[PDB]
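Enquirer: Let me start by giving you these chains from the complex, positioned as in the assembled structure:
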Amino acid sequence: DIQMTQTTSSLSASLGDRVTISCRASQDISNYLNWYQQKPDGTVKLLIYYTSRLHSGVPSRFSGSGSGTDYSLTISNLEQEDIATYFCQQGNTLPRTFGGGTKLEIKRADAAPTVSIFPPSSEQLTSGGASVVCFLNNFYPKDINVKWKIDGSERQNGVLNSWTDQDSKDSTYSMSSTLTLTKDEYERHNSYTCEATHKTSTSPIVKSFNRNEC
């Protein structure tokens, strides 16, 4: 079939900026390309159709063009309501295909994460399990990496991570990393480290604790 490519999963902009999301077919779509918008709440709406250009009931700031393989959507003046995920869609050949989507986000001044680590709770230890959690909150841009070190080394297994969409008051992101072991394994070692690597600085921000010290 026809593969639709949208270079840029996430795209940054300020409110009031001309924004452009690209989309490129794996072949000549003969100008049969559509564009859908999808709000965070999940709903989907049609914006433009037929190689872009053709509107629906949508605001004037939305514009579109393209031809053959290369197409694009442009929002002359970005509005808060505009913040969402945009998918393009070729209606030239079956099966109908969709691009990867591009999700706008706002431009914040780089931040550097606030890192906190938390040993396991007695309550959970009694259950025989043990989980060490670590929060990397309010940071920007969204790209980040969290590294767990037990007794000063490796550790990949037992690590589970969660991320949040951009905040709506400040435009930061946050992340929750969780390493779960067995009570026994947790007692066979001493220092647990949560290292955070963020462009915000070349030296990882390190937080950890020693059991013998608790």
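Expert: Alright, I've got the coordinates. Residues are numbered from 1 along each chain as shown, chains lettered A, B, ... in the order given.
Enquirer: how's chain A carved up into domains?
Expert: Domain assignment for chain A by curated CATH domains gives A:1-107, A:108-211.
Enquirer: For those domains, give me CSV that also has mean neighbour count.
Expert: Just so you know, the C-beta spots here come from the backbone N, C-alpha and C atoms, and that holds for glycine as well. Converted to CSV, the domains of chain A look like this (neighbours: other Cβ atoms under 10 Å):
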stretch, mean neighbour count
domain A:1-107, 16
domain A:108-211, 16
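Enquirer: Next one: residue A:69 from residue A:21, what distance?
Expert: For residue A:69, the distance to residue A:21 equals 16 Å [Cβ to Cβ, to the nearest Å].
Enquirer: Likewise for residue A:115?
Expert: With Cβ to Cβ as the criterion, residue A:115 and residue A:21 are 33 Å apart.
Enquirer: now do residue A:34
Expert: On the measure of Cβ to Cβ, residue A:34 and residue A:21 end up 13 Å apart.
Enquirer: And residue A:162, by the same measure?
Expert: On the measure of Cβ to Cβ, residue A:162 and residue A:21 end up 27 Å apart.
Enquirer: Ok, residue A:91 next?
Expert: From residue A:91 to residue A:21 the distance is 18 Å (Cβ to Cβ).
Enquirer: before we move on, what about residue A:6?
Expert: 7 Å.
Enquirer: Quick check: neighbours shared by the two?
Expert: Residues touching both residue A:6 and residue A:21 (Cβ atoms under 8 Å, 6 or more residues apart in numbering) are A:88, A:102.
Enquirer: Okay, helices next: where are they in chain A?
Expert: Secondary structure of chain A (DSSP state H): helices at A:122-126, A:183-187.
Enquirer: Which secondary structure elements does the last one sit against?
Expert: So the one you mean is helix A:183-187. Helices and strands touching helix A:183-187, by 3 or more Cβ pairs under 8 Å, 6 or more residues apart in numbering; DSSP states H and E, are strand A:129-139.
Enquirer: The strand it packs on pairs with which strands, parallel or anti?
Expert: strand A:114-118 (antiparallel), strand A:173-182 (antiparallel) (DSSP bridges).
Enquirer: CA atoms only: put the longest one into CSV for me.
Expert: Yep, that's strand A:173-182 we're talking about. C-alpha atoms of strand A:173-182 as CSV (Å, rounded to 0.1, in the frame of the first residue of the first chain):
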residue,chain,number,x,y,z
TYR,A,173,6.7,17.6,31.5
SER,A,174,7.3,15.1,34.2
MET,A,175,8.3,11.5,34.6
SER,A,176,7.9,8.7,37.1
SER,A,177,10.4,5.7,37.1
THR,A,178,9.7,2.7,39.3
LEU,A,179,12.1,-0.2,40.0
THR,A,180,10.5,-3.2,41.7
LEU,A,181,12.4,-6.0,43.4
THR,A,182,11.7,-8.7,46.0
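Enquirer: about what we covered before: now the common contact residues for residue A:34 and residue A:21.
Expert: residue A:88.
Enquirer: Hmm, residue A:33 is touching residue A:51, no?
Expert: Yes. Contact criterion Cβ atoms under 8 Å: residue A:33 and residue A:51 qualify, at 4.9 Å.
Enquirer: also put chain B on there:
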Amino acid sequence: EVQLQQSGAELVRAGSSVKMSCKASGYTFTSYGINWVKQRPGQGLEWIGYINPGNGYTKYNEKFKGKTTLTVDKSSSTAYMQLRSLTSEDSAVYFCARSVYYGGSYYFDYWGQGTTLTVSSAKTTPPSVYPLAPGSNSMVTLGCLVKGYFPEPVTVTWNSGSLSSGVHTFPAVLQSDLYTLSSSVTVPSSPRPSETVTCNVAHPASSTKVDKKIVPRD
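Expert: Below is chain B, added to the chains above:
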């Protein structure tokens, strides 16, 4: 107004099946095709297939054919989709949208709110709230771990909501066939452990409400 109300979310065991609804309104049901898209967290929409209510002519996307069957009721102007012998990769959100004409080639001008299909076999199970406290400067972050529950959702709050700003409740993750999530709150050092900081975790499905107090030391 053109309206498409899809069925509620469905929780069903793998191997089984399920038929979801999509009910059109504000326009002539048989004059416009219906298509179904599939969306998994892992971005992108997948074009399931398209059915013409007037004739019942379906057209499937090879990758869904066989396990999927598109039907309709040209009476209650309602469109249906059936997914058989479910796998986990069936877990997702399904949209039905009306397809339309200009310049030779259709497009979807109206979508539904989508239905959420979750394929699991765990059962209504309460979570275990675990307090997250620093061990034995100006601002202090505390937490609360909600592990081993099912199915979503679970509602978290701090001090019955009196602590709103500076809170972060992370999306859940499937641990061992169950769900687990965390939640943080950043309050000044004067507040805790001075005063009380408590997480309020509610898990509806199991009719469970929990208030765990974050106390000093491990």
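Enquirer: got the contact list for residue B:29?
Expert: Neighbouring residues of residue B:29 by Cβ atoms under 8 Å, 6 or more residues apart in numbering or on different chains: B:53, B:74, B:77.
Enquirer: likewise residue A:10?
Expert: Applying Cβ under 8 Å, 6+ apart to residue A:10 gives the contacts A:102-105, A:142.
Enquirer: go on, residue B:67?
Expert: By Cβ under 8 Å, 6+ apart, the contact list for residue B:67 reads B:83-85.
Enquirer: Roughly how far does it sit from chain A?
Expert: Residue B:67 is 15 Å from chain A, where distance means Cβ to the nearest Cβ, to the nearest Å.
Enquirer: Compute the distance between that residue and residue B:15, please.
Expert: From residue B:67 across to residue B:15, the span is 12 Å (Cβ to Cβ).
Enquirer: and the residue nearest to residue B:171 when sequence neighbours are not counted, what are its bridge partners?
Expert: Counting by Cβ to Cβ, 6 or more residues apart in numbering or on different chains, residue A:162 is the residue found nearest to residue B:171 once chain neighbours are left out, at 5.2 Å. Beta-bridge pairing for residue A:162 (DSSP bridges): residue A:176.
Enquirer: starting at the chain centroid, how far to stretch B:132-144?
Expert: 31 Å (Cα atoms, centre = their mean, to the nearest Å).
Enquirer: hang on, I meant stretch A:41-56
Expert: 23 Å.
Enquirer: go on, stretch A:108-120?
Expert: 17 Å.
Enquirer: Does chain B have contacts with it?
Expert: Yes. Stretch A:108-120 reaches chain B (Cβ under 8 Å from any Cβ of the partner chain) through A:114, A:116, A:118-120.
Enquirer: ok, of those, which one's closest to residue B:2?
Expert: When these are compared for distance to residue B:2 (Cβ to Cβ), residue A:114 wins out at 46.8 Å.
Enquirer: Check whether that closest one really touches residue A:134, as I assumed.
Expert: No. Counting by Cβ under 8 Å, residue A:114 stays clear of residue A:134, with 11.1 Å between them.
Enquirer: who are the neighbours in contact with the most centrally placed residue in chain B?
Expert: Closest to where the C-alpha atoms of chain B average out (Cα atoms, centre = their mean) is residue B:116, at 5.3 Å. Neighbouring residues of residue B:116 by Cβ under 8 Å, 6+ apart: B:9-10, B:92-93.
Enquirer: Could you do residue A:59 as well?
Expert: residue A:79.
Enquirer: now the farthest one out in chain B, which residue is it?
Expert: Furthest out from the centre of chain B (Cα atoms, centre = their mean) sits residue B:136, at 39.6 Å.
Enquirer: residue contacts, residue 39?
Expert: Using chain A here. The contact partners of residue A:39, by Cβ under 8 Å, 6+ apart, come to A:45, A:84.
Enquirer: think we crossed wires, I meant chain B
Expert: Contacts of residue B:39 by Cβ under 8 Å, 6+ apart are B:45-46, B:92-95, B:114.
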